[PDB]
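Quick setup: one chain, the form deposited in one PDB entry, written in structure tokens, and binding and motion questions come after.
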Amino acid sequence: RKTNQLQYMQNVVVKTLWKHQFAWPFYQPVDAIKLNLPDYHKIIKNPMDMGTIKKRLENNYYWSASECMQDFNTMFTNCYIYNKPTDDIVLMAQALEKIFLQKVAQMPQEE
């Protein structure tokens, strides 16, 4: 069984964010080819997405919740690194990130 905090990341944080109307671009790794970057992987050194995070939770990958939180931070920050302030995807990420912060502020204690 995962830590209680990792269960929270799965059953509250991911579950809530996944259902948000703006979450879908984050469901899978950014495919530079389907969208030839051609430069994406030249700037984005550590790609991350919520599909990967969800799989890691399901597959028991994380040792502690901090690692999962870091993956979310990487996902959001990467979006901002690559995109302009006025881009639709940035507004989408911002909405999701505000929810992420509100939910991780309520993360439970391990007992």
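Sequential numbering from 1, following the sequence displayed. Note that the rigid core is defined as the largest set of C-alphas that superpose within 1.5 Å between two forms. Residues that one form lacks are left out of the comparison.
There is another form of the same protein, the form solved in complex with a partner chain; it is not shown, and what comes next is about it.
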Using a 4.5 Å heavy atom cut-off, are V12, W18 and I53 all in contact with its partner chain in the deposited bound form? no
Should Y61 be classed as touching its partner chain in the deposited bound form when contacts are defined as heavy atoms within 4.5 Å? no
Name, in sequence order, the runs of three or more consecutive residues whose C-alphas all shift 2 Å or more between this form and the one not shown, counting only residues present in both forms and superposing on the rigid core. 33-37
